[PDB]
>>> print(open('input-v5.cif').read())   # mmCIF, N, CA and C atoms
data_input
#
loop_
_atom_site.label_atom_id
_atom_site.label_comp_id
_atom_site.auth_asym_id
_atom_site.auth_seq_id
_atom_site.Cartn_x
_atom_site.Cartn_y
_atom_site.Cartn_z
N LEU A 327 0.89 -1.14 0.00
CA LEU A 327 0.00 0.00 0.00
C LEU A 327 0.94 1.19 0.00
N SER A 328 1.37 1.62 -1.19
CA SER A 328 2.48 2.57 -1.27
C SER A 328 2.25 3.81 -0.43
N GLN A 329 1.00 4.17 -0.17
CA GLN A 329 0.77 5.29 0.72
C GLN A 329 0.83 4.76 2.15
N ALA A 330 2.05 4.40 2.49
CA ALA A 330 2.56 3.84 3.68
C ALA A 330 3.97 4.32 3.80
N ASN A 331 4.92 3.70 3.10
CA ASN A 331 6.28 4.21 3.20
C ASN A 331 6.43 5.44 2.35
N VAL A 332 5.61 5.56 1.30
CA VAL A 332 5.73 6.73 0.47
C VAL A 332 4.99 7.80 1.19
N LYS A 333 3.79 7.50 1.70
CA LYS A 333 3.14 8.59 2.39
C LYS A 333 3.95 8.92 3.62
N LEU A 334 4.66 7.95 4.21
CA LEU A 334 5.45 8.25 5.38
C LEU A 334 6.49 9.27 5.07
N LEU A 335 7.18 9.10 3.96
CA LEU A 335 8.15 10.08 3.58
C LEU A 335 7.41 11.37 3.21
N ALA A 336 6.24 11.26 2.56
CA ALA A 336 5.47 12.45 2.21
C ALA A 336 5.01 13.17 3.45
N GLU A 337 4.67 12.42 4.48
CA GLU A 337 4.25 12.97 5.74
C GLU A 337 5.45 13.62 6.38
N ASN A 338 6.61 12.98 6.27
CA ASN A 338 7.85 13.53 6.79
C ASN A 338 8.09 14.87 6.10
N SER A 339 7.87 14.90 4.79
CA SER A 339 8.02 16.11 4.01
C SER A 339 7.02 17.15 4.46
N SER A 340 5.77 16.73 4.67
CA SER A 340 4.71 17.62 5.10
C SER A 340 5.01 18.22 6.45
N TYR A 341 5.54 17.41 7.36
CA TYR A 341 5.86 17.88 8.69
C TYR A 341 6.96 18.90 8.57
N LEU A 342 7.93 18.64 7.70
CA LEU A 342 9.00 19.60 7.53
C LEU A 342 8.45 20.88 6.92
N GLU A 343 7.54 20.77 5.95
CA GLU A 343 6.95 21.94 5.35
C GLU A 343 6.22 22.76 6.40
N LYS A 344 5.47 22.08 7.26
CA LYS A 344 4.75 22.78 8.30
C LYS A 344 5.74 23.45 9.24
N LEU A 345 6.86 22.78 9.58
CA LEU A 345 7.85 23.40 10.46
C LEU A 345 8.42 24.64 9.83
N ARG A 346 8.72 24.60 8.54
CA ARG A 346 9.29 25.78 7.92
C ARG A 346 8.29 26.93 7.93
N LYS A 347 7.02 26.63 7.64
CA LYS A 347 6.01 27.67 7.63
C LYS A 347 5.77 28.23 9.01
N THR A 348 5.76 27.36 10.02
CA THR A 348 5.47 27.80 11.36
C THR A 348 6.61 28.70 11.84
N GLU A 349 7.86 28.34 11.50
CA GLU A 349 8.98 29.17 11.91
C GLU A 349 8.84 30.57 11.32
N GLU A 350 8.37 30.68 10.07
CA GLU A 350 8.14 32.01 9.50
C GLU A 350 7.02 32.75 10.25
N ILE A 351 5.96 32.03 10.65
CA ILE A 351 4.83 32.62 11.38
C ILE A 351 5.31 33.23 12.70
N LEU A 352 6.22 32.55 13.37
CA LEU A 352 6.78 33.02 14.63
C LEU A 352 7.69 34.27 14.53
N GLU A 353 8.13 34.67 13.32
CA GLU A 353 9.01 35.84 13.23
C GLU A 353 8.26 37.15 13.54
N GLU A 354 7.02 37.26 13.11
CA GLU A 354 6.36 38.51 13.40
C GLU A 354 5.89 38.30 14.80
N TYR A 355 4.83 39.01 15.12
CA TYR A 355 4.73 39.48 16.52
C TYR A 355 5.77 40.57 16.86
N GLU A 356 7.06 40.41 16.48
CA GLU A 356 8.13 41.31 16.91
C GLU A 356 7.94 42.74 16.40
N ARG A 357 7.32 42.87 15.22
CA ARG A 357 7.08 44.16 14.59
C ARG A 357 6.22 45.10 15.44
N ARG A 358 5.33 44.55 16.27
CA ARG A 358 4.53 45.41 17.14
C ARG A 358 4.95 45.22 18.59
N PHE A 359 5.33 44.00 18.95
CA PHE A 359 5.72 43.64 20.30
C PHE A 359 6.85 44.52 20.83
N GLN A 360 7.86 44.76 20.00
CA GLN A 360 9.01 45.57 20.40
C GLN A 360 8.86 47.11 20.25
N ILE A 361 7.68 47.63 19.79
CA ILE A 361 7.37 49.06 19.54
C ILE A 361 7.94 50.00 20.63
N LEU B 327 9.39 0.15 5.73
CA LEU B 327 8.48 0.16 6.86
C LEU B 327 9.07 -0.74 7.93
N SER B 328 10.39 -0.75 7.99
CA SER B 328 11.21 -1.56 8.87
C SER B 328 12.25 -0.80 9.65
N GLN B 329 13.10 -0.05 8.94
CA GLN B 329 14.22 0.69 9.50
C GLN B 329 14.13 2.14 9.08
N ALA B 330 13.88 2.32 7.78
CA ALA B 330 13.82 3.62 7.14
C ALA B 330 12.71 4.37 7.76
N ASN B 331 11.66 3.62 8.07
CA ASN B 331 10.52 4.20 8.69
C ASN B 331 10.81 4.54 10.09
N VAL B 332 11.81 3.86 10.60
CA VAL B 332 11.85 3.93 12.01
C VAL B 332 12.50 5.25 12.16
N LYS B 333 13.48 5.48 11.28
CA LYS B 333 14.16 6.74 11.28
C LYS B 333 13.23 7.86 10.86
N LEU B 334 12.43 7.66 9.82
CA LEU B 334 11.52 8.71 9.41
C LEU B 334 10.50 8.96 10.48
N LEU B 335 10.07 7.92 11.16
CA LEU B 335 9.10 7.98 12.21
C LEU B 335 9.72 8.66 13.38
N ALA B 336 11.00 8.39 13.64
CA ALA B 336 11.70 9.05 14.70
C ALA B 336 11.78 10.52 14.37
N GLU B 337 12.03 10.81 13.09
CA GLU B 337 12.09 12.16 12.62
C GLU B 337 10.73 12.76 12.68
N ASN B 338 9.69 12.00 12.39
CA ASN B 338 8.35 12.52 12.39
C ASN B 338 7.95 12.80 13.78
N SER B 339 8.32 11.93 14.69
CA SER B 339 7.99 12.11 16.07
C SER B 339 8.69 13.34 16.53
N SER B 340 9.95 13.48 16.12
CA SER B 340 10.75 14.61 16.47
C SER B 340 10.19 15.85 15.82
N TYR B 341 9.70 15.75 14.60
CA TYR B 341 9.16 16.88 13.91
C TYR B 341 7.89 17.28 14.55
N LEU B 342 7.10 16.32 14.96
CA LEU B 342 5.84 16.55 15.61
C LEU B 342 6.08 17.18 16.96
N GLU B 343 7.14 16.75 17.64
CA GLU B 343 7.47 17.34 18.91
C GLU B 343 7.95 18.74 18.67
N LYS B 344 8.75 18.93 17.63
CA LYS B 344 9.22 20.24 17.28
C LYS B 344 8.08 21.08 16.84
N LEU B 345 7.12 20.52 16.13
CA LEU B 345 6.01 21.30 15.70
C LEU B 345 5.27 21.77 16.89
N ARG B 346 5.07 20.93 17.90
CA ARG B 346 4.31 21.48 18.98
C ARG B 346 5.16 22.47 19.76
N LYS B 347 6.45 22.20 19.93
CA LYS B 347 7.31 23.13 20.63
C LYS B 347 7.29 24.45 19.90
N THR B 348 7.31 24.39 18.59
CA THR B 348 7.29 25.55 17.72
C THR B 348 5.97 26.27 18.00
N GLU B 349 4.93 25.49 18.22
CA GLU B 349 3.62 26.00 18.49
C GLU B 349 3.41 26.50 19.93
N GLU B 350 4.35 26.33 20.86
CA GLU B 350 4.10 26.78 22.23
C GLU B 350 5.26 27.37 23.02
N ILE B 351 5.46 28.70 23.03
CA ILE B 351 5.52 29.78 22.04
C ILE B 351 4.46 30.18 21.01
N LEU B 352 4.21 29.53 19.87
CA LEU B 352 3.26 30.20 18.98
C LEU B 352 1.92 30.51 19.59
N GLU B 353 1.34 29.58 20.32
CA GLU B 353 0.03 29.82 20.87
C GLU B 353 0.11 30.63 22.14
N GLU B 354 1.33 30.92 22.56
CA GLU B 354 1.62 31.69 23.73
C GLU B 354 2.07 33.07 23.29
N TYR B 355 2.11 33.29 21.98
CA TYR B 355 2.54 34.54 21.40
C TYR B 355 1.40 35.40 20.98
N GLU B 356 0.23 34.78 21.00
CA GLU B 356 -0.78 35.26 20.06
C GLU B 356 -1.16 36.73 20.26
N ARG B 357 -1.17 37.21 21.50
CA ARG B 357 -1.50 38.59 21.78
C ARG B 357 -0.27 39.27 22.35
N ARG B 358 0.76 39.13 21.51
CA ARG B 358 1.83 40.11 21.46
C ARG B 358 1.69 41.16 20.37
N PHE B 359 1.16 40.76 19.22
CA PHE B 359 1.11 41.66 18.07
C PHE B 359 0.10 42.77 18.33
N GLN B 360 -1.07 42.36 18.81
CA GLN B 360 -2.21 43.21 19.18
C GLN B 360 -2.87 43.97 18.00
N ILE B 361 -2.09 44.83 17.30
CA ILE B 361 -2.49 45.69 16.18
C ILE B 361 -1.56 45.40 15.01
#
>>> encode(input="input-v5.cif", output="structure tokens")
Amino acid sequence: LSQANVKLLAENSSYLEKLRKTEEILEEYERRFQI
Amino acid sequence: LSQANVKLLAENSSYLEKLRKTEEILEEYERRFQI
């Protein structure tokens, strides 16, 4: 059921994608927080 | 789905842990920006 090891790697990729996006989300706040 | 997975799963677990860590902070940031 290729959407097992392939989805696993795809999920691994997805998790990494989410981590990269979340890290960008965390950069702001600072623009108003540090005013 | 034997070893490679175990590593990807370890990475996924780690990514998932990182995702939540990334998120807390994130959900603890939410009303810093305000405006």
>>> calpha_fit_rmsd(input="input-v5.cif", fixed="chain A", moving="chain B")
3.0 Å
>>> interface_residues(input="input-v5.cif", of="chain B", to="chain A", cutoff="6 Å", atoms="only N, CA and C atoms", output="list in words")
residues 327, 338, 345, 358 and 359 of chain B
>>> axis_aligned_box(input="input-v5.cif", around="region 329-339 of chain B", padding_each_side="3 Å", output="AutoDock Vina command-line options")
--center_x 11.1 --center_y 6.6 --center_z 11.8 --size_x 12.3 --size_y 19.4 --size_z 15.4
>>> select_by_dssp(input="input-v5.cif", residues="chain A", states="alpha helix (DSSP H)", output="PyMOL selection string")
chain A and resi 331-351+356-359
>>> atom_distance(input="input-v5.cif", atom1="atom N of residue 343 (chain B)", atom2="atom C of residue 329 (chain B)")
18.3 Å
>>> atom_distance(input="input-v5.cif", atom1="atom C of residue 328 (chain A)", atom2="CA of residue 336 (chain B)")
18.6 Å
>>> decode(input="input-v5.cif", residues="region 340-355 of chain A", atoms="N, CA, C and O atoms", output="PDB file, in the first residue's frame")
ATOM      1  N   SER A 340       5.770  16.735   4.668  1.00  0.00           N
ATOM      2  CA  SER A 340       4.709  17.620   5.101  1.00  0.00           C
ATOM      3  C   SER A 340       5.014  18.217   6.453  1.00  0.00           C
ATOM      4  O   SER A 340       4.772  19.403   6.682  1.00  0.00           O
ATOM      5  N   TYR A 341       5.539  17.409   7.363  1.00  0.00           N
ATOM      6  CA  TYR A 341       5.855  17.879   8.686  1.00  0.00           C
ATOM      7  C   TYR A 341       6.956  18.896   8.568  1.00  0.00           C
ATOM      8  O   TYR A 341       6.895  19.939   9.220  1.00  0.00           O
ATOM      9  N   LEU A 342       7.932  18.642   7.696  1.00  0.00           N
ATOM     10  CA  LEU A 342       9.000  19.600   7.527  1.00  0.00           C
ATOM     11  C   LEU A 342       8.453  20.883   6.921  1.00  0.00           C
ATOM     12  O   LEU A 342       8.874  21.974   7.315  1.00  0.00           O
ATOM     13  N   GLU A 343       7.539  20.768   5.952  1.00  0.00           N
ATOM     14  CA  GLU A 343       6.946  21.942   5.353  1.00  0.00           C
ATOM     15  C   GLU A 343       6.223  22.756   6.398  1.00  0.00           C
ATOM     16  O   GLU A 343       6.358  23.984   6.438  1.00  0.00           O
ATOM     17  N   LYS A 344       5.466  22.082   7.261  1.00  0.00           N
ATOM     18  CA  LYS A 344       4.752  22.778   8.298  1.00  0.00           C
ATOM     19  C   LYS A 344       5.741  23.450   9.243  1.00  0.00           C
ATOM     20  O   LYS A 344       5.499  24.588   9.659  1.00  0.00           O
ATOM     21  N   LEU A 345       6.862  22.777   9.582  1.00  0.00           N
ATOM     22  CA  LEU A 345       7.849  23.395  10.464  1.00  0.00           C
ATOM     23  C   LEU A 345       8.419  24.640   9.834  1.00  0.00           C
ATOM     24  O   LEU A 345       8.522  25.664  10.507  1.00  0.00           O
ATOM     25  N   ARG A 346       8.720  24.599   8.535  1.00  0.00           N
ATOM     26  CA  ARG A 346       9.289  25.782   7.918  1.00  0.00           C
ATOM     27  C   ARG A 346       8.286  26.931   7.930  1.00  0.00           C
ATOM     28  O   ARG A 346       8.636  28.072   8.259  1.00  0.00           O
ATOM     29  N   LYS A 347       7.019  26.630   7.639  1.00  0.00           N
ATOM     30  CA  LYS A 347       6.013  27.674   7.628  1.00  0.00           C
ATOM     31  C   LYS A 347       5.768  28.232   9.010  1.00  0.00           C
ATOM     32  O   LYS A 347       5.597  29.445   9.171  1.00  0.00           O
ATOM     33  N   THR A 348       5.760  27.364  10.015  1.00  0.00           N
ATOM     34  CA  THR A 348       5.474  27.803  11.361  1.00  0.00           C
ATOM     35  C   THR A 348       6.610  28.698  11.837  1.00  0.00           C
ATOM     36  O   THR A 348       6.371  29.721  12.490  1.00  0.00           O
ATOM     37  N   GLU A 349       7.855  28.341  11.499  1.00  0.00           N
ATOM     38  CA  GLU A 349       8.977  29.167  11.910  1.00  0.00           C
ATOM     39  C   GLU A 349       8.839  30.567  11.322  1.00  0.00           C
ATOM     40  O   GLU A 349       9.109  31.545  12.015  1.00  0.00           O
ATOM     41  N   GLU A 350       8.370  30.682  10.068  1.00  0.00           N
ATOM     42  CA  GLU A 350       8.143  32.012   9.496  1.00  0.00           C
ATOM     43  C   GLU A 350       7.017  32.751  10.249  1.00  0.00           C
ATOM     44  O   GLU A 350       7.137  33.937  10.554  1.00  0.00           O
ATOM     45  N   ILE A 351       5.964  32.029  10.650  1.00  0.00           N
ATOM     46  CA  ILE A 351       4.834  32.622  11.384  1.00  0.00           C
ATOM     47  C   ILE A 351       5.306  33.234  12.696  1.00  0.00           C
ATOM     48  O   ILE A 351       4.857  34.314  13.080  1.00  0.00           O
ATOM     49  N   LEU A 352       6.216  32.553  13.372  1.00  0.00           N
ATOM     50  CA  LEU A 352       6.780  33.025  14.631  1.00  0.00           C
ATOM     51  C   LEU A 352       7.689  34.265  14.528  1.00  0.00           C
ATOM     52  O   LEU A 352       8.072  34.804  15.570  1.00  0.00           O
ATOM     53  N   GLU A 353       8.132  34.672  13.321  1.00  0.00           N
ATOM     54  CA  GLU A 353       9.010  35.845  13.233  1.00  0.00           C
ATOM     55  C   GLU A 353       8.264  37.149  13.544  1.00  0.00           C
ATOM     56  O   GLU A 353       8.795  38.057  14.200  1.00  0.00           O
ATOM     57  N   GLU A 354       7.018  37.260  13.113  1.00  0.00           N
ATOM     58  CA  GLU A 354       6.361  38.508  13.401  1.00  0.00           C
ATOM     59  C   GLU A 354       5.886  38.298  14.803  1.00  0.00           C
ATOM     60  O   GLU A 354       5.926  37.128  15.128  1.00  0.00           O
ATOM     61  N   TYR A 355       4.828  39.013  15.123  1.00  0.00           N
ATOM     62  CA  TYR A 355       4.733  39.479  16.515  1.00  0.00           C
ATOM     63  C   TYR A 355       5.769  40.575  16.858  1.00  0.00           C
ATOM     64  O   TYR A 355       5.395  41.631  17.375  1.00  0.00           O
TER      65      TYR A 355
END
